[PDB]
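Scroll down for the structure; my scribbles are underneath it.
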Protein chains: 2
Amino acid sequence: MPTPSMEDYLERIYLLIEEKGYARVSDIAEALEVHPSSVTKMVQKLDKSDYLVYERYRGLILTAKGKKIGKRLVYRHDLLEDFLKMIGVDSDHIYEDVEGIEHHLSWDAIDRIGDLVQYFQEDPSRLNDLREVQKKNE
Amino acid sequence: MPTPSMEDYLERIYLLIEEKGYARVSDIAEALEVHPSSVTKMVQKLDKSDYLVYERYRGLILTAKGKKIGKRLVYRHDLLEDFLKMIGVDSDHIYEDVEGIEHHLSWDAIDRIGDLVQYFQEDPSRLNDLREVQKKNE
Ligand SMILES: [Mg+2]
Ligand SMILES: [Mn+2]
Ligand SMILES: [Mn+2]
């Protein structure tokens, strides 16, 4: 039911509190380089759906549901960056390829990439074999 | 330089040409599920910049440029489809996942995914190991 950009907002709020203990509307406007009225409108939609609350001095506060979604997206980003690093995507492309995947892949597929990432680490000689395949191509 | 929309046309045109020598406007409309008048507008755009030619009583044939692009696009769709099958995504999620991400991955990542698919092809017992990780992880 939440749009991808609603989820990205919860992820950003969780990481703002990780960085300094608070999430402000002004923080999000400055980072996205948008007008603060679009942020307060997004905050309003997230508030009405019970993902966050707002109190003027503490700022933006995640609910149990909002904090669960925000953490999940941080870890999705990690998992997919691990995947793309493992298979050899270069540093110029990996970031936009992670943002590309994470917005257009079902959660079933994300889970399967998580199994794959686990597969290459339970016996790391699998990863050396994969890199041999790349070198003999190269 | 070609837009996502052009890439979806060029890929379908290549498949039909691959099967039949020419791509008819009516088969393109059917496959992409758009109104024939949309195809015409795209056909006129792609004709004007030399991706294709319209031949009377035949349909569309790609130029060297359009065919090079269209062949690469079909390779991308087919490689991603194999990739998702291989890591076990539900057969109900596959076409829509592929149509999703295919416009959002660099060619660098497509090549590395190709290295990954080749890694599993060169010793298919690696697919059985991968399946054990997934059954265990559950
Ligand atoms: Mg992100
Ligand atoms: Mn496609
Ligand atoms: Mn597509």
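No hydrogens, no waters, no symmetry mates; every other heavy atom, side chains included, goes into these values. Every chain is numbered from 1, with letters handed out A, B, ... down the list of sequences.
Counted within 6.0 Å of NZ on A:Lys65, heavy atoms from surrounding residues, nucleotides or ligands total more than 12; the atom is thus considered enclosed. For A:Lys68, the NZ atom sits in a loose shell: 12 or fewer heavy atoms of surrounding residues, nucleotides or ligands are nearer than 6.0 Å.
The greatest number of non-hydrogen atom pairs below 4.5 Å with chain A, out of B:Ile101, B:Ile94, B:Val98, is found for B:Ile101.
Under the 4.5 Å side-chain heavy-atom criterion for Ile, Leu, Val, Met, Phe, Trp and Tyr, B:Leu15 and B:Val39 are members of the same hydrophobic cluster. Hydrophobic clustering keeps A:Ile110 apart from A:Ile69 (ILVMFWY residues linked when any side-chain heavy atoms are closer than 4.5 Å, directly or through intermediates). Connection of A:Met86 to A:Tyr75 is not established within any shared hydrophobic cluster, with ILVMFWY side chains joined at heavy-atom distances below 4.5 Å, either directly or through further cluster members. Cluster membership check: A:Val74 shares its hydrophobic cluster with A:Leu10, using side-chain heavy-atom separations under 4.5 Å among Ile, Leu, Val, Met, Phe, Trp and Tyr. Cluster membership check: A:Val53 does not share its hydrophobic cluster with A:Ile17, using side-chain heavy-atom separations under 4.5 Å among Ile, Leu, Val, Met, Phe, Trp and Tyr.
Contacts with chain A (heavy atom to heavy atom, under 4.5 Å) involve these residues of residues 111-138 of chain B, listed by number: B:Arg112, B:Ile113, B:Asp115, B:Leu116, B:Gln118, B:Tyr119, B:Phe120, B:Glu122, B:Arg126, B:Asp129, B:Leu130, B:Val133, B:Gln134, B:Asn137, B:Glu138.
Under the side chain to side chain contact (heavy atoms under 4.5 Å, CB included) rule, B:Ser106 has a single partner from A:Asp97, A:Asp92, A:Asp90, which is A:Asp97. Just one residue in the list B:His93, B:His104, B:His103 forms a ring-ring contact (aromatic ring centres under 6.0 Å, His included) with A:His104, and that residue is B:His104.
Proximity to chain B is limited to the backbone of A:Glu96, based on heavy atoms less than 4.5 angstrom apart.
Note that the CG atom of B:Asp108 and the CD1 atom of A:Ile87 stand 8.5 Å from one another [nearest 0.5 Å].
The salt bridge (charged side-chain N to carboxylate O under 4.0 Å, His left out) check on A:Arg12 picks up nothing, with sequence neighbours excluded.
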